[PDB]
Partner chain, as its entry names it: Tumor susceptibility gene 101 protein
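As a starting point, one isolated chain is supplied in structure tokens, in the form solved without the partner chain.
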């Protein structure tokens, strides 16, 4: 199924995923299309931050849902 992700610039990218894909898998797919490493990504769906180790279905993310990509902040 397809899902959409709004990038840092407000642009829209489309991903091909399965309800059982993990957030890590999704971030990997985002790196493939946008070039941003997974550990620099932070995904939000309906105001909720998506956590690694969980799947899309865990958040009720369905066909054509839109996620939001924001910067994962960190020290150093």
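Numbering follows the first chain given and starts at 1. Residues that one form lacks are left out of the comparison. Under this definition, the rigid core comprises the largest set of C-alpha atoms superposing within 1.5 Å between the forms.
Averaged over their C-alpha atoms, the temperature factors of 26-34 and 43-51 are higher for 43-51. In this PDB entry, residue 8 carries a Cα temperature factor that places it within the highest third of its chain's modelled residues. The PDB entry assigns residue 67 a C-alpha temperature factor belonging to the lowest third of its chain's modelled residues.
Below, we turn to the form deposited with the partner chain bound, even though it does not appear here.
Rigid-core fit between this form and the one not shown: of 14, 20, 9, 66, the one residue whose Cα shifts 2 angstroms or more is 9. Core-based superposition between this form and the one not shown shows that the consecutive residues, three or more at a time, whose C-alphas shift by 2 angstroms or more lie in one run only, 7-10.
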